[PDB]
$ cat data26.csv   # CSV, C-alpha atoms and all ligand atoms
chain,number,residue,atom,x,y,z
W,1,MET,CA,-17.3,-19.9,21.9
W,2,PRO,CA,-20.8,-18.7,23.1
W,3,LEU,CA,-20.5,-15.1,24.2
W,4,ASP,CA,-18.5,-14.9,27.5
W,5,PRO,CA,-21.1,-14.6,30.4
W,6,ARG,CA,-19.5,-11.5,31.9
W,7,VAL,CA,-19.2,-9.9,28.4
W,8,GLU,CA,-22.9,-10.6,27.8
W,9,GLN,CA,-23.8,-8.9,31.1
W,10,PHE,CA,-21.6,-5.9,30.2
W,11,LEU,CA,-23.1,-5.4,26.8
W,12,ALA,CA,-26.6,-5.6,28.4
W,13,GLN,CA,-25.4,-2.6,30.5
W,23,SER,CA,-19.6,17.1,20.9
W,24,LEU,CA,-16.0,15.9,20.4
W,25,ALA,CA,-14.7,17.2,23.8
W,26,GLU,CA,-17.7,15.7,25.5
W,27,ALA,CA,-17.2,12.3,23.8
W,28,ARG,CA,-13.5,12.1,24.6
W,29,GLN,CA,-14.4,12.9,28.2
W,30,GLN,CA,-17.1,10.3,28.3
W,31,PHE,CA,-14.7,7.7,26.9
W,32,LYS,CA,-12.2,8.7,29.5
W,33,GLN,CA,-14.9,8.5,32.3
W,34,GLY,CA,-15.7,4.9,31.1
W,35,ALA,CA,-12.0,3.9,31.3
W,36,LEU,CA,-11.7,5.3,34.9
W,37,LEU,CA,-14.9,3.5,36.0
W,38,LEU,CA,-13.4,0.1,35.0
W,39,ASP,CA,-10.1,0.9,36.7
W,40,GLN,CA,-12.0,1.9,39.8
W,41,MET,CA,-13.8,-1.4,39.7
W,42,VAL,CA,-10.6,-3.5,39.2
W,43,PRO,CA,-7.7,-1.3,40.4
W,44,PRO,CA,-4.3,-1.6,38.6
W,45,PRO,CA,-1.0,-2.7,40.2
W,46,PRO,CA,1.1,0.1,41.8
W,47,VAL,CA,3.9,1.0,39.3
W,48,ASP,CA,6.6,3.6,39.3
W,49,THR,CA,6.2,6.1,36.4
W,50,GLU,CA,8.0,9.1,34.9
W,51,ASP,CA,6.4,11.6,32.5
W,52,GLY,CA,8.3,13.2,29.8
W,53,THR,CA,8.1,14.8,26.3
W,54,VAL,CA,9.7,13.5,23.1
W,55,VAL,CA,10.6,16.0,20.3
W,56,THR,CA,9.1,14.6,17.1
W,57,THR,CA,9.0,15.8,13.5
W,58,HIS,CA,5.5,16.9,14.2
W,59,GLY,CA,6.1,18.5,17.6
W,60,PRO,CA,6.3,17.4,21.2
W,61,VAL,CA,4.7,14.2,22.1
W,62,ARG,CA,3.9,13.4,25.8
W,63,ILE,CA,5.1,10.0,27.0
W,64,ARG,CA,4.9,8.1,30.3
W,65,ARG,CA,7.7,5.6,31.2
W,66,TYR,CA,6.6,2.6,33.4
W,67,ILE,CA,9.4,1.0,35.5
W,68,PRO,CA,8.8,-2.5,36.7
W,69,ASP,CA,9.4,-3.5,40.3
W,70,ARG,CA,11.8,-6.1,38.9
W,71,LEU,CA,13.3,-5.8,35.4
W,72,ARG,CA,13.2,-9.2,33.6
W,73,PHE,CA,12.9,-8.3,29.9
W,74,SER,CA,15.8,-6.8,28.0
W,75,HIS,CA,14.0,-4.6,25.5
W,76,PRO,CA,11.9,-1.5,26.1
W,77,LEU,CA,8.3,-1.7,25.0
W,78,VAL,CA,6.8,1.3,23.2
W,79,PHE,CA,3.0,1.2,23.5
W,80,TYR,CA,0.5,3.2,21.3
W,81,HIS,CA,-3.1,3.4,22.8
W,82,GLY,CA,-6.2,2.7,20.8
W,83,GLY,CA,-9.4,4.8,20.4
W,84,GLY,CA,-10.0,5.1,16.7
W,85,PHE,CA,-7.2,7.8,16.4
W,86,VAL,CA,-9.7,10.2,18.0
W,87,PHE,CA,-10.0,9.0,21.6
W,88,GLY,CA,-7.9,7.7,24.4
W,89,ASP,CA,-4.7,8.8,26.3
W,90,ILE,CA,-2.0,7.5,28.6
W,91,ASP,CA,-4.6,7.4,31.4
W,92,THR,CA,-7.3,5.5,29.5
W,93,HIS,CA,-4.7,2.7,28.8
W,94,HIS,CA,-2.9,2.9,32.2
W,95,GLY,CA,-4.8,-0.3,33.4
W,96,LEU,CA,-3.3,-2.3,30.5
W,97,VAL,CA,0.2,-0.7,30.5
W,98,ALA,CA,0.8,-1.0,34.2
W,99,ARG,CA,0.0,-4.7,34.1
W,100,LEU,CA,2.2,-5.2,31.0
W,101,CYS,CA,5.0,-3.4,32.8
W,102,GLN,CA,4.7,-5.4,36.1
W,103,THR,CA,3.8,-8.8,34.5
W,104,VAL,CA,6.4,-8.8,31.7
W,105,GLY,CA,8.9,-7.0,33.9
W,106,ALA,CA,9.6,-4.5,31.1
W,107,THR,CA,10.1,-0.8,30.9
W,108,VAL,CA,7.1,0.5,28.9
W,109,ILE,CA,6.9,3.8,27.0
W,110,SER,CA,3.2,4.8,26.8
W,111,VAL,CA,2.7,7.3,24.0
W,112,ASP,CA,0.2,10.2,23.6
W,113,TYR,CA,0.4,10.7,19.8
W,114,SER,CA,-1.6,13.5,18.2
W,115,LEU,CA,-5.3,12.7,17.9
W,116,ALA,CA,-7.6,13.3,14.9
W,117,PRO,CA,-9.4,15.3,13.6
W,118,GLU,CA,-7.0,18.0,14.9
W,119,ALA,CA,-4.1,16.0,13.5
W,120,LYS,CA,-4.7,13.9,10.3
W,121,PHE,CA,-3.1,10.8,8.8
W,122,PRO,CA,-0.2,10.3,8.6
W,123,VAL,CA,0.9,12.6,11.4
W,124,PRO,CA,0.6,10.0,14.3
W,125,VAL,CA,2.5,7.4,12.2
W,126,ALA,CA,5.5,9.8,11.9
W,127,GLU,CA,5.2,10.6,15.6
W,128,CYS,CA,5.1,6.9,16.6
W,129,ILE,CA,8.2,6.2,14.5
W,130,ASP,CA,10.0,9.2,16.1
W,131,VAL,CA,9.2,7.8,19.6
W,132,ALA,CA,10.3,4.3,18.7
W,133,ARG,CA,13.6,5.8,17.5
W,134,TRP,CA,14.0,7.8,20.6
W,135,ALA,CA,13.4,4.7,22.8
W,136,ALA,CA,16.0,2.7,20.9
W,137,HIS,CA,18.6,5.5,21.4
W,138,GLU,CA,17.8,5.7,25.2
W,139,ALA,CA,17.8,1.9,25.7
W,140,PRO,CA,21.6,1.4,26.3
W,141,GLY,CA,21.4,4.1,29.0
W,142,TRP,CA,18.6,2.1,30.7
W,143,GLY,CA,20.9,-0.9,30.5
W,144,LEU,CA,18.7,-2.5,27.9
W,145,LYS,CA,19.2,-3.8,24.3
W,146,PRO,CA,18.9,-1.1,21.6
W,147,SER,CA,16.0,-2.8,19.9
W,148,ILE,CA,12.4,-2.1,20.9
W,149,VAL,CA,9.1,-4.0,21.1
W,150,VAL,CA,6.1,-2.0,19.7
W,151,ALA,CA,2.7,-2.7,20.9
W,152,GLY,CA,-0.9,-1.3,20.6
W,153,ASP,CA,-4.6,-2.0,20.8
W,154,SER,CA,-6.9,-1.5,17.8
W,155,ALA,CA,-5.9,1.9,16.3
W,156,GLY,CA,-2.7,1.6,18.4
W,157,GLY,CA,-2.2,-1.9,16.9
W,158,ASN,CA,-2.4,-0.2,13.5
W,159,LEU,CA,0.3,2.2,14.5
W,160,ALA,CA,2.5,-0.7,15.9
W,161,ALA,CA,2.1,-2.7,12.6
W,162,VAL,CA,2.9,0.3,10.4
W,163,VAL,CA,5.9,1.3,12.5
W,164,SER,CA,7.1,-2.3,12.2
W,165,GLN,CA,6.7,-2.2,8.4
W,166,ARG,CA,8.6,1.1,8.1
W,167,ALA,CA,11.3,-0.1,10.6
W,168,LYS,CA,14.1,-1.1,8.2
W,169,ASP,CA,13.5,2.0,5.9
W,170,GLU,CA,13.8,4.2,9.0
W,171,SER,CA,16.8,2.3,10.4
W,172,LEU,CA,14.7,1.4,13.4
W,173,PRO,CA,15.6,-1.8,15.3
W,174,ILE,CA,12.4,-3.5,16.3
W,175,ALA,CA,12.7,-6.9,18.1
W,176,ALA,CA,8.9,-7.7,18.0
W,177,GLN,CA,5.4,-6.4,17.4
W,178,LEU,CA,2.4,-7.0,19.7
W,179,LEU,CA,-0.9,-6.3,18.0
W,180,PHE,CA,-4.0,-6.4,20.2
W,181,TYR,CA,-7.1,-6.7,18.0
W,182,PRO,CA,-5.5,-4.2,15.5
W,183,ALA,CA,-7.2,-2.3,12.6
W,184,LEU,CA,-5.1,-3.3,9.5
W,185,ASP,CA,-7.4,-3.0,6.5
W,186,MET,CA,-9.5,0.0,5.8
W,187,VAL,CA,-10.3,-1.1,2.2
W,188,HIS,CA,-11.8,-4.5,2.5
W,189,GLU,CA,-15.0,-5.8,4.1
W,190,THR,CA,-14.4,-9.2,5.8
W,191,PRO,CA,-16.9,-11.7,7.1
W,192,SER,CA,-16.3,-10.6,10.8
W,193,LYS,CA,-16.7,-6.9,9.8
W,194,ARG,CA,-20.1,-7.7,8.2
W,195,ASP,CA,-21.3,-10.2,10.9
W,196,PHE,CA,-20.3,-8.2,14.0
W,197,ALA,CA,-21.0,-4.7,12.6
W,198,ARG,CA,-23.4,-3.7,15.4
W,199,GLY,CA,-23.9,-4.5,19.0
W,200,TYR,CA,-20.4,-5.6,20.0
W,201,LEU,CA,-19.0,-2.2,21.3
W,202,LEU,CA,-17.0,-1.3,18.2
W,203,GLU,CA,-19.6,-0.6,15.4
W,204,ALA,CA,-19.5,0.1,11.7
W,205,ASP,CA,-21.0,3.5,12.1
W,206,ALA,CA,-18.2,4.5,14.5
W,207,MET,CA,-15.4,3.0,12.3
W,208,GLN,CA,-16.7,5.1,9.3
W,209,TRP,CA,-16.7,8.2,11.5
W,210,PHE,CA,-13.2,7.5,12.8
W,211,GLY,CA,-12.1,7.3,9.2
W,212,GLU,CA,-13.7,10.6,8.4
W,213,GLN,CA,-11.7,12.2,11.3
W,214,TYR,CA,-8.3,10.6,10.7
W,215,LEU,CA,-8.0,10.3,6.9
W,216,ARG,CA,-7.5,13.3,4.7
W,217,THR,CA,-9.5,11.9,1.8
W,218,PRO,CA,-11.4,8.6,1.2
W,219,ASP,CA,-8.5,7.5,-1.1
W,220,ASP,CA,-6.2,7.3,2.0
W,221,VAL,CA,-7.7,3.9,2.8
W,222,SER,CA,-5.5,2.3,0.3
W,223,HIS,CA,-2.3,3.9,1.5
W,224,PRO,CA,0.0,1.2,3.1
W,225,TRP,CA,0.6,3.5,6.2
W,226,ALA,CA,-3.2,3.4,6.7
W,227,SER,CA,-3.8,-0.2,5.6
W,228,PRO,CA,-0.7,-2.2,6.4
W,229,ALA,CA,-2.5,-5.5,5.6
W,230,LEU,CA,-2.1,-4.4,1.9
W,231,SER,CA,1.7,-4.5,1.8
W,232,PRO,CA,2.6,-7.3,-0.7
W,233,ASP,CA,5.9,-8.2,1.0
W,234,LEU,CA,6.0,-9.1,4.8
W,235,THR,CA,9.3,-10.9,4.7
W,236,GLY,CA,11.8,-10.0,7.4
W,237,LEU,CA,9.2,-8.2,9.6
W,238,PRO,CA,9.5,-8.3,13.4
W,239,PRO,CA,8.3,-11.4,15.3
W,240,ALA,CA,4.5,-10.9,15.9
W,241,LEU,CA,1.9,-11.7,18.5
W,242,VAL,CA,-1.5,-11.1,17.1
W,243,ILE,CA,-4.4,-11.3,19.6
W,244,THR,CA,-8.0,-11.2,18.3
W,245,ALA,CA,-11.4,-11.3,19.9
W,246,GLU,CA,-13.9,-13.8,18.4
W,247,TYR,CA,-16.8,-11.2,18.2
W,248,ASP,CA,-14.9,-8.2,16.9
W,249,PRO,CA,-15.5,-6.8,13.4
W,250,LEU,CA,-11.7,-6.4,13.1
W,251,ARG,CA,-11.2,-10.1,13.9
W,252,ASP,CA,-10.8,-11.4,10.3
W,253,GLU,CA,-8.3,-8.8,9.2
W,254,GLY,CA,-6.2,-9.4,12.3
W,255,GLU,CA,-6.1,-13.2,11.7
W,256,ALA,CA,-5.5,-12.9,8.0
W,257,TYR,CA,-2.5,-10.6,8.7
W,258,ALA,CA,-1.2,-13.2,11.2
W,259,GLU,CA,-1.5,-15.8,8.6
W,260,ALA,CA,0.2,-13.7,6.0
W,261,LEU,CA,3.1,-12.9,8.4
W,262,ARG,CA,3.5,-16.7,9.1
W,263,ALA,CA,3.6,-17.6,5.4
W,264,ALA,CA,6.2,-14.8,5.0
W,265,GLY,CA,8.5,-16.7,7.5
W,266,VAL,CA,7.9,-14.2,10.3
W,267,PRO,CA,7.8,-15.9,13.7
W,268,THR,CA,4.1,-15.4,14.5
W,269,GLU,CA,1.8,-16.4,17.4
W,270,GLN,CA,-1.9,-15.9,16.7
W,271,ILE,CA,-4.4,-16.1,19.6
W,272,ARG,CA,-8.1,-15.8,19.3
W,273,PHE,CA,-9.9,-15.2,22.6
W,274,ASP,CA,-13.1,-17.1,22.2
W,275,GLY,CA,-16.3,-15.5,23.5
W,276,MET,CA,-14.6,-12.1,23.7
W,277,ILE,CA,-15.3,-8.7,22.2
W,278,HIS,CA,-13.2,-5.8,20.8
W,279,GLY,CA,-11.4,-3.9,23.6
W,280,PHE,CA,-11.2,-6.6,26.2
W,281,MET,CA,-7.5,-5.9,27.0
W,282,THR,CA,-8.4,-2.6,28.5
W,283,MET,CA,-11.5,-4.0,30.4
W,284,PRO,CA,-10.2,-5.5,33.6
W,285,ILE,CA,-13.7,-6.7,34.5
W,286,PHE,CA,-12.8,-9.6,32.2
W,287,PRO,CA,-10.2,-12.2,33.5
W,288,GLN,CA,-9.3,-12.6,29.8
W,289,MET,CA,-7.5,-9.3,29.9
W,290,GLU,CA,-4.9,-10.7,32.4
W,291,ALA,CA,-4.7,-14.0,30.4
W,292,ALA,CA,-3.8,-12.0,27.3
W,293,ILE,CA,-1.2,-10.1,29.3
W,294,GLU,CA,0.3,-13.5,30.4
W,295,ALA,CA,0.3,-14.4,26.7
W,296,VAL,CA,2.4,-11.4,26.1
W,297,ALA,CA,4.9,-12.3,28.8
W,298,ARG,CA,5.2,-15.9,27.5
W,299,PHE,CA,5.7,-14.7,23.9
W,300,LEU,CA,8.3,-12.2,24.9
W,301,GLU,CA,10.2,-15.0,26.7
W,302,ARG,CA,10.8,-16.5,23.3
W,303,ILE,CA,12.4,-13.3,21.9
W,304,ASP,CA,16.1,-12.7,22.0
W,401,LIG,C1,-4.1,12.9,29.3
W,401,LIG,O1,-2.7,12.5,29.2
W,401,LIG,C2,-2.0,12.1,30.3
W,401,LIG,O2,-2.6,11.6,31.3
W,401,LIG,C3,-0.5,12.3,30.2
W,401,LIG,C4,0.3,11.6,31.1
W,401,LIG,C5,1.7,11.7,31.1
W,401,LIG,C6,2.3,12.6,30.2
W,401,LIG,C7,1.5,13.3,29.4
W,401,LIG,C8,0.1,13.2,29.4
W,401,LIG,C9,-0.7,14.1,28.3
W,401,LIG,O3,-1.3,15.2,28.7
W,401,LIG,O4,-0.8,13.6,27.1
W,402,LIG,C1,-11.9,0.6,17.8
W,402,LIG,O1,-10.6,0.5,18.5
W,402,LIG,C2,-10.1,1.6,18.9
W,402,LIG,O2,-9.0,1.9,18.5
W,402,LIG,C3,-11.0,2.2,19.9
W,402,LIG,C4,-12.1,3.0,19.4
W,402,LIG,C5,-12.9,3.7,20.2
W,402,LIG,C6,-12.9,3.5,21.6
W,402,LIG,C7,-11.9,2.7,22.1
W,402,LIG,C8,-11.0,2.0,21.3
W,402,LIG,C9,-10.0,1.1,22.1
W,402,LIG,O3,-9.6,0.1,21.5
W,402,LIG,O4,-9.7,1.4,23.3
W,403,LIG,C1,-10.5,1.5,15.5
W,403,LIG,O1,-10.1,2.1,14.3
W,403,LIG,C2,-10.9,2.0,13.3
W,403,LIG,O2,-11.8,1.2,13.3
W,403,LIG,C3,-10.5,2.9,12.1
W,403,LIG,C4,-10.2,4.2,12.5
W,403,LIG,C5,-9.9,5.1,11.5
W,403,LIG,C6,-10.0,4.7,10.2
W,403,LIG,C7,-10.4,3.4,9.8
W,403,LIG,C8,-10.6,2.5,10.8
W,403,LIG,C9,-11.0,1.1,10.3
W,403,LIG,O3,-10.3,0.1,10.8
W,403,LIG,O4,-11.9,1.0,9.4

$ encode --input "data26.csv" --output "structure tokens" --more "lines below"
Ligand SMILES: COC(=O)c1ccccc1C(=O)O
Ligand SMILES: COC(=O)c1ccccc1C(=O)O
Ligand SMILES: COC(=O)c1ccccc1C(=O)O
Amino acid sequence: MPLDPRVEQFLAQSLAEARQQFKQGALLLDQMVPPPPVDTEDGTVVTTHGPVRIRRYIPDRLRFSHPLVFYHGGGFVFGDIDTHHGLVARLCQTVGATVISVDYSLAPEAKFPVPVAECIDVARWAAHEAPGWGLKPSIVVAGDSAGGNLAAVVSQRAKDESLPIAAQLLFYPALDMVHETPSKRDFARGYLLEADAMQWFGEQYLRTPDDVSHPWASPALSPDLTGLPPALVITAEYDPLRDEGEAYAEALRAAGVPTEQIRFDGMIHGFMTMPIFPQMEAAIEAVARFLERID
């Protein structure tokens, strides 16, 4: 409930250049706490907005009967398959799941709602492939932060798009671009994800400031959450995005959606791609236990 000791220690310490610096940070942490070996295959999915690079992770031993489709975070501007490899490799090996890690088109080069369309296309592709992998033809979508946004919106669009989704895993997602929450006010600066950056991400991703109220940008605003896929919503106590994540979990639960909501106390935004924190593996264990309950 106090700030985690290791998190405390960590905090105490151009667009191309910033992407590279973000990527260098991600590599540093993986160099500090190396990921498990895992078999992978690269490929390209043909989407309605063009080819989208993917990487399939194959577990040593398959124990989960649905493919996972994973959408990386990074404010819609940063990140790639490599920045999220540390997380995805452990998800693959710990759950015993095939995982499709997706490189959707980044902003500002591509703008809302291009990545949403891409992410749907990839989920549909995964569902079609699943029987040939000897899996069920219903997928688990997953993502961190901006990727959690994508996972939540894909889940909301699933029925309309005839997309079978068995569950949604939202890791400290962004869900509400319209409302200030107490967490967004109280942890606006100094906890890695900052208000300044969130504003900037919005300027890169969104076409106009009015897009904030679009349900494919702000899924928390959808008035009807009935019949949505079973949900695991993981939040960090000291994350501006905390409150909107918990409120969405609460709304899903009240809508009769099977929902598990976990706040990691003492933690900050981003901890599930920061293997210097033991909590990252604890949260990955949470995922495996949750997925055990899914049919
Ligand atoms: C930077 O992205 C990657 O590391 C990657 C990995 C596998 C397949 C495609 C890509 C890509 O260039 O997006
Ligand atoms: C804020 O959450 C994100 O989507 C993000 C933004 C910038 C840098 C990293 C991340 C992430 O969650 O990895
Ligand atoms: C991590 O993503 C964000 O914080 C974000 C990115 C683009 C547009 C809006 C937001 C937000 O949640 O305010």

$ residues_near_ligand --input "data26.csv" --ligand "ligand LIG 401 (chain W)" --cutoff "12 Å" --atoms "only C-alpha atoms and all ligand atoms" --output "JSON, numbers by chain"
{"W": [28, 29, 32, 36, 49, 50, 51, 52, 53, 54, 60, 61, 62, 63, 64, 65, 66, 80, 81, 87, 88, 89, 90, 91, 92, 93, 94, 109, 110, 111, 112, 113, 114, 115]}

$ write_last_selection --input "data26.csv" --atoms "C-alpha atoms" --output "compact mmCIF listing (two decimals), in the frame of the given file"
# COMPACT_ATOMS: atom_id res chain seq x y z
CA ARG W 28 -13.50 12.10 24.60
CA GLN W 29 -14.40 12.90 28.20
CA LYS W 32 -12.20 8.70 29.50
CA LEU W 36 -11.70 5.30 34.90
CA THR W 49 6.20 6.10 36.40
CA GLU W 50 8.00 9.10 34.90
CA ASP W 51 6.40 11.60 32.50
CA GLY W 52 8.30 13.20 29.80
CA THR W 53 8.10 14.80 26.30
CA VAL W 54 9.70 13.50 23.10
CA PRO W 60 6.30 17.40 21.20
CA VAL W 61 4.70 14.20 22.10
CA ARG W 62 3.90 13.40 25.80
CA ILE W 63 5.10 10.00 27.00
CA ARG W 64 4.90 8.10 30.30
CA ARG W 65 7.70 5.60 31.20
CA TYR W 66 6.60 2.60 33.40
CA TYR W 80 0.50 3.20 21.30
CA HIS W 81 -3.10 3.40 22.80
CA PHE W 87 -10.00 9.00 21.60
CA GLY W 88 -7.90 7.70 24.40
CA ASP W 89 -4.70 8.80 26.30
CA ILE W 90 -2.00 7.50 28.60
CA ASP W 91 -4.60 7.40 31.40
CA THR W 92 -7.30 5.50 29.50
CA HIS W 93 -4.70 2.70 28.80
CA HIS W 94 -2.90 2.90 32.20
CA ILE W 109 6.90 3.80 27.00
CA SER W 110 3.20 4.80 26.80
CA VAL W 111 2.70 7.30 24.00
CA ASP W 112 0.20 10.20 23.60
CA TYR W 113 0.40 10.70 19.80
CA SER W 114 -1.60 13.50 18.20
CA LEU W 115 -5.30 12.70 17.90

$ atom_distance --input "data26.csv" --atom1 "CA of residue 124 in chain W" --atom2 "CA of residue 263 in chain W"
29.2 Å

$ residues_near_ligand --input "data26.csv" --ligand "ligand LIG 403 (chain W)" --cutoff "9 Å" --atoms "all atoms listed in the file" --output "PyMOL selection string"
chain W and resi 82-86+153-156+158+182-188+202-204+206-215+221+226-227+249-250

$ closest_residue --input "data26.csv" --among "W:119, W:24, W:131, W:1" --to "residue 57 in chain W" --atoms "only C-alpha atoms"
W:131

$ closest_residue --input "data26.csv" --among "W:254, W:173, W:191, W:68" --to "residue 108 in chain W" --atoms "only C-alpha atoms"
W:68

$ atom_distance --input "data26.csv" --atom1 "CA of residue 246 in chain W" --atom2 "CA of residue 291 in chain W"
15.1 Å

$ atom_distance --input "data26.csv" --atom1 "CA of residue 237 in chain W" --atom2 "CA of residue 266 in chain W"
6.2 Å

$ closest_residue --input "data26.csv" --among "W:142, W:180, W:121, W:10" --to "residue 271 in chain W" --atoms "all atoms listed in the file"
W:180

$ closest_residue --input "data26.csv" --among "W:179, W:47, W:126, W:241" --to "ligand LIG 402 (chain W)" --atoms "only C-alpha atoms and all ligand atoms"
W:179

$ closest_residue --input "data26.csv" --among "W:12, W:96, W:160, W:178" --to "residue 199 in chain W" --atoms "all atoms listed in the file"
W:12

$ closest_residue --input "data26.csv" --among "W:268, W:56, W:107, W:33" --to "ligand LIG 402 (chain W)" --atoms "all atoms listed in the file"
W:33

$ residues_around --input "data26.csv" --residues "residue 146 in chain W" --least-positions-apart "6" --cutoff "8 Å" --atoms "all atoms listed in the file" --output "list in words"
residues 75, 136, 137, 138, 139, 140 and 173 of chain W

$ decode --input "data26.csv" --residues "range 52-65 of chain W" --atoms "N, CA, C and O atoms" --output "short mmCIF file (atom, residue, chain, number, x, y, z; two decimals), in the first residue's frame"
data_model
loop_
_atom_site.label_atom_id
_atom_site.label_comp_id
_atom_site.auth_asym_id
_atom_site.auth_seq_id
_atom_site.Cartn_x
_atom_site.Cartn_y
_atom_site.Cartn_z
N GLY W 52 5.16 -13.66 -38.95
CA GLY W 52 4.31 -13.69 -40.12
C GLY W 52 3.66 -12.32 -40.32
O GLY W 52 3.93 -11.35 -39.59
N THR W 53 2.80 -12.25 -41.34
CA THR W 53 2.12 -11.02 -41.71
C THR W 53 0.65 -11.36 -41.92
O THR W 53 0.39 -12.38 -42.56
N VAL W 54 -0.27 -10.61 -41.29
CA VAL W 54 -1.70 -10.74 -41.54
C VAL W 54 -2.17 -9.63 -42.49
O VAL W 54 -1.82 -8.46 -42.28
N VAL W 55 -3.02 -10.00 -43.48
CA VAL W 55 -3.58 -9.05 -44.43
C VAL W 55 -4.81 -8.43 -43.82
O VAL W 55 -5.79 -9.12 -43.60
N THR W 56 -4.75 -7.16 -43.47
CA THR W 56 -5.90 -6.50 -42.84
C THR W 56 -6.50 -5.52 -43.85
O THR W 56 -5.89 -5.28 -44.90
N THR W 57 -7.64 -4.94 -43.45
CA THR W 57 -8.35 -3.95 -44.23
C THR W 57 -7.54 -2.65 -44.33
O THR W 57 -7.88 -1.77 -45.13
N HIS W 58 -6.48 -2.52 -43.52
CA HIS W 58 -5.64 -1.33 -43.60
C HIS W 58 -4.23 -1.72 -43.98
O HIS W 58 -3.33 -0.87 -43.89
N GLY W 59 -4.05 -2.93 -44.50
CA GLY W 59 -2.74 -3.31 -44.99
C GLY W 59 -2.16 -4.44 -44.17
O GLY W 59 -2.83 -4.98 -43.30
N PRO W 60 -0.90 -4.83 -44.47
CA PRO W 60 -0.25 -5.95 -43.80
C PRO W 60 0.13 -5.52 -42.39
O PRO W 60 0.55 -4.40 -42.16
N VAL W 61 -0.08 -6.42 -41.46
CA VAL W 61 0.23 -6.20 -40.05
C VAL W 61 1.12 -7.37 -39.58
O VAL W 61 0.71 -8.52 -39.67
N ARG W 62 2.35 -7.04 -39.16
CA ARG W 62 3.32 -8.00 -38.70
C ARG W 62 2.85 -8.57 -37.35
O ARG W 62 2.36 -7.84 -36.50
N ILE W 63 2.97 -9.91 -37.25
CA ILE W 63 2.67 -10.64 -36.06
C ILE W 63 3.84 -11.57 -35.72
O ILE W 63 4.67 -11.94 -36.59
N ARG W 64 3.82 -12.01 -34.44
CA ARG W 64 4.73 -13.06 -34.00
C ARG W 64 3.94 -14.03 -33.15
O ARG W 64 3.38 -13.65 -32.12
N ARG W 65 3.93 -15.29 -33.59
CA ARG W 65 3.30 -16.37 -32.87
C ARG W 65 4.32 -17.01 -31.91
O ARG W 65 5.42 -17.46 -32.33
#
